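Engineer: Give the three-dimensional model of this entry:
(4 chains, ligands or ions: 4)
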Amino acid sequence: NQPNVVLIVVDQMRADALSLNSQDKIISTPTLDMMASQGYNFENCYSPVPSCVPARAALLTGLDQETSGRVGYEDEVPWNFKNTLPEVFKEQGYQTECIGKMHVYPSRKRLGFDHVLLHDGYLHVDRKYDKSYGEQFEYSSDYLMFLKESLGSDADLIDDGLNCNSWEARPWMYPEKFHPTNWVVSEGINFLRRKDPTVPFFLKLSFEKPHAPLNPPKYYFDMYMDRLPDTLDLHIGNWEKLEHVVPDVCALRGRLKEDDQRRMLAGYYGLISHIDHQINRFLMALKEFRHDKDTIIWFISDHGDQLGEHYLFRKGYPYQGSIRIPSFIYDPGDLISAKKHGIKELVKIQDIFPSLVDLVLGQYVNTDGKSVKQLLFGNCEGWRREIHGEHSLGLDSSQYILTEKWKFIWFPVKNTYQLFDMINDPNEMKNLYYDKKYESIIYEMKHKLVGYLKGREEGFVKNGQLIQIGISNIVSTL
Amino acid sequence: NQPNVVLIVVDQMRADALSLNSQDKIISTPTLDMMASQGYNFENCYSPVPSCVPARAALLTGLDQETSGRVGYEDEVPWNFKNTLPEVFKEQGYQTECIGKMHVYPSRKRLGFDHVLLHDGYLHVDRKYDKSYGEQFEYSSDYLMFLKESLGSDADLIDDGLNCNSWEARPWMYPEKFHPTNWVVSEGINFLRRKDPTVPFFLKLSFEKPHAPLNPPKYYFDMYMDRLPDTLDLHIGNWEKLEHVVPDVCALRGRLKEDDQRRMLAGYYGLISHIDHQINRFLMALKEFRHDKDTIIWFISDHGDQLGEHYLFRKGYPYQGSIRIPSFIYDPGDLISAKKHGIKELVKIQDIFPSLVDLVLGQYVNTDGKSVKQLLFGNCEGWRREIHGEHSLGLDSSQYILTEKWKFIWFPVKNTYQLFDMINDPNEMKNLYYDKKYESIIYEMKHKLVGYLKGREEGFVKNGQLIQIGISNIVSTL
Amino acid sequence: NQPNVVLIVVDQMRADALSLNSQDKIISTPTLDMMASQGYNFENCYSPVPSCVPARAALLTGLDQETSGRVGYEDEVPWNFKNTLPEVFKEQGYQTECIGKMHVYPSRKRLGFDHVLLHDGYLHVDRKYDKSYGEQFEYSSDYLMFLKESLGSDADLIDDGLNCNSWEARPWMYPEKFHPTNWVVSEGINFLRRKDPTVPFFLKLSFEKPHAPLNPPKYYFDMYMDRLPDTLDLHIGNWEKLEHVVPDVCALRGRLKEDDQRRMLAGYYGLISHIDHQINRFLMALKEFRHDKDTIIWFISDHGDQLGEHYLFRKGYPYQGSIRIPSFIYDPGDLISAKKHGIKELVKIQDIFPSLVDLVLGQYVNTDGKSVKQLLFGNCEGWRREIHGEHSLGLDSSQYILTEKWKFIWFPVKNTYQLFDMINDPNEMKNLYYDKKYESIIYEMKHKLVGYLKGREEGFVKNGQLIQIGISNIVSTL
Amino acid sequence: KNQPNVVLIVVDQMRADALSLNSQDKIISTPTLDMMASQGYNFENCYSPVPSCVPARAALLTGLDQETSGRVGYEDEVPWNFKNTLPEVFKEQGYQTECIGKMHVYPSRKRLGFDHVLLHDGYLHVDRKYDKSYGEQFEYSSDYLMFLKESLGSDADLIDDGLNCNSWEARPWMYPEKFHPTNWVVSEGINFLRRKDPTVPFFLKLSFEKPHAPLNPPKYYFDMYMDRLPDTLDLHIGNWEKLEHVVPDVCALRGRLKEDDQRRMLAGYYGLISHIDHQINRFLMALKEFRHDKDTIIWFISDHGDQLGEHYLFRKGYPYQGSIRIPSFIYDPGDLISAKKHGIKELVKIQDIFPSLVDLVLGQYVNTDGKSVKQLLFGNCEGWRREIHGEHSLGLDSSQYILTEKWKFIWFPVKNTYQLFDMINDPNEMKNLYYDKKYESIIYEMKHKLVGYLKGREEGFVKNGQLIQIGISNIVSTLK
Ligand SMILES: [Mn+2]
Ligand SMILES: [Mn+2]
Ligand SMILES: [Mn+2]
Ligand SMILES: [Mn+2]
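Structural biologist: Numbering: from 1, shown residues only, chains lettered A, B, ... in the order given. Ligands and ions are numbered 1, 2, ... in the order given. Structure as follows:
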């Protein structure tokens, strides 16, 4: 009795960009809606350190950021992990495959996958004309090589002029059939065709979208340009500061012209609805292989996107737009006997690894994350009450504690604080830190932060108190 | 210590078609906005003789129109200049390259560029079936040859029926990847790949757009057709005359149906937003070559476009639509220590040459233009108070003086005058010449014009006074 | 001194579908507008027998319908004419060429053209699987052969399902560059390239459009679908009868759903604006060959299209929609010394032949049509006051007299009459025949009809009076 | 004013006797080169003193002797710190300068006086390492390889048929003939003529990578030689060669091939040369289309020869005629040089091209080691050299030699062995004369010349006025 596993990873998808989680239901995600509502949808799933590299180290190893050391974004840091999610499945006799984005270093280090067909998207560390030929450009991306075999050697990832950290958006400029999202599913179907029939499979399907460039196929772009509402709400509350400058094309903060905000949403949502159709394609193929009833699917995003919310862009922030991720288990064969329903407790990306090994392999994994199995059966025994996350981001480096009621944030280089009522202010528009009615929570929350940060090399804590630090103390890896 | 230089030239782009300079902010130029606002934006930059050939002679040589003799448009006039912008950089050890439009004569005369990959757009003097094979059609344009290699030998520049001096507009009829704007950036990236690594580079990227034909890719055309405002303001004031005829398809004056005015703007703005994305592509490539921090970029247009304003089309007029050009230095490596800000003083296209040689090479150039270096540091010492420009245009030949307060225009074949308050009437809608309250300015302004024109071969001045001349006296080259 | 001549023929274009002639100015024909307004525009030009074959026999020979015998539509009738328009030019030393639609029989009979590159559109008599191979389908049309060489042998003229006599419409389903309208201009440019340089040319450029199928390129179709006015006026007056049935897809009469009427107009107008751009392409090429100033251009349509007006479709009717045609001389080299202006007198398609031979060759042609030369110089000496036209159309066979004030119509199989005031009722909405105030005109008009029809084989006249005839008496050729 | 254009045509690894005009048996088909060489000035005794690619191309471009440049053997990625080069002097004098094809310089895209270089160096190991810089490797190092990927698809590469660039193996080109690198050089030379600056004269280097291996000419030319090469192929084995009797390495420096392999190698090599010959004719026809056939001077040269199995030796880097003697001629159909056209028998070095062209065309001196051949063209031998000192590092077979108009004297300093050949009566070097005492006087003089050239060299060839054996670790390819 060994079920197959498909781990579907998308990059930079917000939790509220799953229509089921959304409040306004504008985004079209009919396939993911069905999957999440029919399985176990994690309504409170979080990427504690919300950017590509630290989130993916956490996904693969189950490790908290202090254990792995990945407290912010840094490329080309060694991945010295043996006990990884695909490695444990391999040890138990699975064929292990990854199609798409790994974002590990060295880029083709397999970390337990038998075989990897790699496309990390646009990575500056793989697109330098003076670095090693075999590790750069079309030799670093099997999708880009496919693009050159398909469109000719002159084709490249940047042909339409959109930057991978930019809010600029416009439709995919080539035939739709060559889009990277289709390619992941096409190659996932090729894996099903060509896999070893004598063993079960663990397959990671890892889409680089909806991470920019924001270039969905024209159909999906025009869909949203035609129907997005007239006014687009940025959830501007009582704490945001506008610097009143023309936005950098790769801005981390600021405000767009309304037309630019509209195009950004149409690109971003368009990429998501496109992923949704292509995942449905993969589901249809699973059925052609008679694997629709013996396979368990977990969908997750590595982190969110601020998308202009609070005058912020990109990620690496403590706010919900960055840290809250969509996440659900889809179990159409009913291999998990727990009653299917939405899960409210605080789940971390670190929990996926031990949950999958427990639920599918019936084994314990010694790591920081914890198996959600008991949550599925309605038992919050031993479950965390809070999450400590953080991210290095220069002046805007953050440290935060999230509970089911509060989010307490500290910016240690600025030495400023925020407090939000997550139940009544889910979009974090009302900073409460300066209201004396919350003096008790704030003192308790500061006390818990000392608990997490005492002893950290950056010097956050001196003599049991939180102290402003200089920007030179911030590191992305411990 | 030798920074690289990229000189980006566009053709027929209005100063107010850079969104940053625009008042209504309708045009989408997010990349150029960022570049101009982050560097030094010249808010008062002018092409004194506003058409292709005299402006480009001024750009390349720094010479005033009396010195070069190019007082209007004329093709196939010798370019007997040795002291040119690329030549000085070559002398100081730079590799010099031009991709795109030169508009010199002979067409492939290099004037200091080591290598030129040429595309002048549609030029009547290069598209005559009875002129030399090697200098005509696809042998005159390396872009057109690319088009024939890409689409087949039957492809040509006029396939969709749009004329290069016409207000008619419609989307590019072929796949977007073959557009001439993409080709300039593709070939600029090929130059970066293949350049001599032992020396710095001076690269001119010279787009033929947004000069007509007005055929942007469909995406950009539809963008504006969908969102341009309902009513399009032509700034019709108290002096324009409407001749009440069906407009010639290559008209120099008149009025369009509202739908034709809308399509013209959608074509023109669409070409500009397309250039903007493609420049962003080139910026991304500069970073892949690790040249994003050791390169100085100057963006400029050779002249503007009347675009229907004042019932005028094309260029060669004294009005702001023709003479005011977008122009800025982008310095992301902070190689220039002056505080970055907008520059208000009167800058001419003649100033680019000596400014670049001063700022980058630390040398003096003996020419008519002057280095803007001191302006960047806040010092208007020795700066001009006024510009004398002109253009031959038959009956509408003009002579004008522009200061920071006034524009005084004389049409010497018509022997009529205009006066505009540039501060309070920036769109030149209120001719003041017949108001007696301005008798003193007008007399002074006429006196200055005698100063500029006394001795000119056309006979503008007889016995110290300005006199009407016959049309046969007008010349385009002295 | 021999000017070149280009005769541009379009098929089924209404006179009021030239924007200059139109009242509402909705249709976009900027190139034709300029040509017609700058030359001599014939505001009252008529195809007396308004369908393809009889109009083209009249165009080529100058003969009235009684002389040629072509009083209605009939295919495969011999063309036993020696004295034709191209033949006279050939005799005077011209190279003669036709590109496009001839509609003669045998199809490749040249009738004075040195060379013909043929595309008659969809012709039922050339699309029969049991008729001669060499004269059918792709062997009858050099455009269709081009389509098979371009798209593959499976391509055909009917691939999108639109019928050549149908009001159904939709965009061209293939790449725009393969449209038949582009092909005429491409092949007209090939003729200019390859012509005999030692002699002048007479070139007929004969477009099959805007005759259905109504499949313009997508750009032009969407243009009108987006901007045509909400309500489309059919000019329904006091005489039309609605048969209240679902319209045949090739209906000669009836009423369409509003959406179908909108799509028909968007297809029809779209084809016309497309022709307009492609004619501008040909004008640009004429200039590349230095023939823009030594060439005289005459534009004409063979007949109109009812387009749903008066609950009528197609042509072959006596009403203005069918009989009034656009027609103008374009003379940018000013080879004709007459002052350029619009021409109001009644001109027939029979007049083109003798006008061109008189104006360009300085010779008399013995035919029924008359040279318009004196009209251009303001002299209506000897000019007709009236036109007698007609068409065989079963029950709706017609006979009519048109003057500058009246149109009098007789339907001899129905034996009904109509009378319209052409000055005050230009759209023929008020039948006056039953108003006693017009008894004198009507009696005179009936008397003139006896004059035209006495002796005709059909038996219209018996003992000096007009008499109802049976449908079996109607013929299309005498 | 009225300055002539110049085309320097360089081929790689072509033997002097693989020009039919120079050959004894006239088997190889080079009709176009025969015409140009016999109608112009053919250098019958032109030499590459250090016969491998990099030292010969340094000598060609700079005019420097191997001791001045330090290039005494093959070595990649040595800096080219030369300002005074052949294209630079023409550029300085107002010429547009262009190279299409093989430069073999370092860094690969250093222009060294060319306004523009369209680069194809052939197969170079230092340009084909997956761990070296992307923009300098494989299809980013070779504009021909990029053209092949654009033409055949990204799958295509330079080694698809399995032939090694240092190998005697041969077979026809496996792709359509129109994509061959020899055609590409001429196609792009025509593109340059189309797009050049019309206001200045041009200096154009057309640098073919062939007939250097892979030995893969188009099928037509391969079959031509397989169908008609003689049954017996002479290796010119004399009284001094020694066979090692091992299976030959596919990139062997010495040995003996099976008959069929030797025949295939000749068919590939000759086939490549006859193919170049047709493609150069193509270029001549294009020159006339641009009306430049009578205002252009052409100099054809090879950088060094190829042993081709002769004396049981392969490749190059040897002191024998197969390696050091190169075809070389000036073609001047416009009669821009007034000297009567004839063949030139005196000793000419590859170092002489640079000063000769600058003298003949520009009327200037260059301060280099080579000398202008102009006086020879006019029949004046006054002061012209009577000997050449050459050498090459090649491990145990490292050589030092003196070539005069009559003798070649060779010293192998690691083996401490000597050879002497009569170049008039024994032009194929089959009879070593060193051990015959009749020649002791000549040998004495030749050793004394070598002492003069080699005194003070860092390798320690000379001690107390005498040539002495050196250890192999003393051998270097570039002097310090
Ligand atoms: Mn990510
Ligand atoms: Mn211009
Ligand atoms: Mn017709
Ligand atoms: Mn070589």
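Engineer: Residue of the stretch 151-300 of chain A nearest ligand 1, please.
Structural biologist: residue A:211 (5.5 Å; C-beta to the ion). For every residue, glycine as well, the C-beta is placed using N, CA and C.
Engineer: Neighbours of that residue, how many?
Structural biologist: 25 (other C-beta atoms under 10 Å in any protein chain shown).
Engineer: can you pull the contacts of the closest residue to residue A:56 other than its chain neighbours?
Structural biologist: Nearest non-adjacent residue to residue A:56, counting by C-beta to C-beta, 6 or more residues apart in numbering or on different chains: residue A:103, 5.2 Å away. Neighbour list for residue A:103: A:52-53, A:56, A:120, A:123 [criterion: C-beta atoms under 8 Å, 6 or more residues apart in numbering or on different chains].
Engineer: Just the element for residue A:103, please.
Structural biologist: Per DSSP states H and E: residue A:103 is located in neither a helix nor a strand.
Engineer: now for the contacts of residue A:103, which pair is the farthest apart?
Structural biologist: A:56 and A:123 (12.5 Å; C-beta to C-beta).
Engineer: Just the buried subset of the contacts of residue A:103, please.
Structural biologist: A:52-53, A:56, A:120, A:123 (16 or more other C-beta atoms under 10 Å in any protein chain shown).
Engineer: Kindly reformat the residues you listed as TSV containing distance to ligand 2 and secondary structure.
Structural biologist: TSV is the format used below for the buried ones among the contacts of residue A:103 (distance: C-beta to the ion, whole Å; DSSP: H, G, I helix; E, B strand; the rest coil):
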residue	distance to ligand 2	secondary structure
A:52	45	helix
A:53	48	helix
A:56	51	helix
A:120	43	coil
A:123	40	coil
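Engineer: Once you drop chain neighbours, what's closest to the residue of the stretch 101-250 of chain A found nearest ligand 2?
Structural biologist: Using C-beta to the ion, residue A:161 is the residue of the stretch 101-250 of chain A that sits closest to ligand 2, at 23.3 Å. If the residues on either side of it in the chain are set aside, residue A:161 comes closest to residue B:277, at 3.4 Å by C-beta to C-beta, 6+ apart.
Engineer: Isn't the one you found up against residue A:159?
Structural biologist: No - counting by C-beta atoms under 8 Å, residue B:277 stays clear of residue A:159, with 10.1 Å between them.
Engineer: So for those two, which residue has more residues nearby?
Structural biologist: Taking neighbours as other C-beta under 10 Å, residue B:277 and residue A:159 compare with residue B:277 leading, 24 against 20.
Engineer: Need the three-state assignment for that one.
Structural biologist: Under the three-state scheme (DSSP: H, G, I helix; E, B strand; the rest coil), residue B:277 adopts helix.
Engineer: Look up how far ligand 2 lies from it.
Structural biologist: Note on residue B:277: its distance to ligand 2, by C-beta to the ion, to the nearest Å, is 22 Å.
Engineer: wait, what's in contact with that residue?
Structural biologist: Per C-beta under 8 Å, 6+ apart, neighbours of residue B:277: A:160-162, A:168, A:170, B:31.
Engineer: list the buried ones in stretch A:456-467?
Structural biologist: A:456, A:458, A:460-461, A:466.
Engineer: Of those, which is the nearest to ligand 4?
Structural biologist: residue A:458 (59.6 Å).
Engineer: Report the contact partners of the closest residue to residue A:180 other than its chain neighbours.
Structural biologist: Excluding its sequence neighbours, the residue lying closest to residue A:180 (C-beta to C-beta, 6+ apart) is residue A:143, at 5.2 Å. Residue A:143 is in contact with A:119, A:180, A:183, counting by C-beta under 8 Å, 6+ apart.
Engineer: and these as JSON lines, adding secondary structure, distance to residue C:27 and neighbour count?
Structural biologist: Output for those, formatted as JSON lines (DSSP: H, G, I helix; E, B strand; the rest coil; distance: C-beta to C-beta, whole Å; neighbours: other C-beta atoms under 10 Å in any protein chain shown):
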{"residue": "A:119", "secondary structure": "coil", "distance to residue C:27": "50", "neighbour count": "24"}
{"residue": "A:180", "secondary structure": "helix", "distance to residue C:27": "44", "neighbour count": "23"}
{"residue": "A:183", "secondary structure": "helix", "distance to residue C:27": "46", "neighbour count": "23"}
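Engineer: and whichever residue of the stretch 301-450 of chain A sits closest to ligand 1, how many neighbours?
Structural biologist: Here the residue of the stretch 301-450 of chain A nearest ligand 1 is residue A:302; by C-beta to the ion that distance is 4.3 Å. For residue A:302, the count of nearby residues is 26 (other C-beta under 10 Å).
Engineer: Settle this for me: it is touching residue A:46, isn't it.
Structural biologist: No - with contact defined as C-beta under 8 Å, residue A:302 does not reach residue A:46; the gap is 11.6 Å.
Engineer: which residues are in contact with both of those two?
Structural biologist: Common neighbours of residue A:302 and residue A:46 (C-beta under 8 Å, 6+ apart) are A:325, A:349.
Engineer: Residues of chain A that sit close to chain D?
Structural biologist: Contact residues (C-beta under 8 Å from any C-beta of the partner chain) of chain A with chain D: A:128-134, A:136-139, A:145, A:148-149, A:152-154.
Engineer: So among those residues, which ones count as buried?
Structural biologist: Counted by 16+ other C-beta under 10 Å, the residues of chain A next to chain D give A:128-129, A:131-133, A:136-139, A:145, A:148, A:153 as buried.
Engineer: Any chance of TSV for the residues you listed, columns distance to ligand 1 and secondary structure?
Structural biologist: Output for these, formatted as TSV (distance: C-beta to the ion, whole Å; three-state DSSP):
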residue	distance to ligand 1	secondary structure
A:128	20	coil
A:129	25	coil
A:131	22	coil
A:132	24	strand
A:133	26	helix
A:136	21	coil
A:137	20	helix
A:138	22	helix
A:139	22	helix
A:145	22	helix
A:148	25	helix
A:153	29	coil
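Engineer: Out of these, flag the one nearest to residue B:340.
Structural biologist: Scanning those for proximity to residue B:340, where the rule is C-beta to C-beta, the winner is residue A:128, at 27.6 Å.
Engineer: wouldn't the closest one be in contact with residue A:140 here?
Structural biologist: No - using C-beta under 8 Å, residue A:128 makes no contact with residue A:140, being 10.3 Å away.
Engineer: Leaving out sequence neighbours, find the closest residue to the residue of chain A found nearest chain C.
Structural biologist: Nearest residue of chain A to chain C (C-beta to the nearest C-beta) works out as residue A:222 at 12.7 Å. Using C-beta to C-beta, 6+ apart and skipping the chain neighbours, the partner closest in space to residue A:222 is residue A:171 (7.4 Å).
Engineer: repeat for residue A:160
Structural biologist: residue A:173 (4.4 Å).
Engineer: got the contact list for the one you found?
Structural biologist: So residue A:173 contacts A:159-160, A:215, B:176-177, B:217, B:219 (C-beta under 8 Å, 6+ apart).
Engineer: From those, which land in strands?
Structural biologist: Residues of these located in strands (DSSP state E): none.
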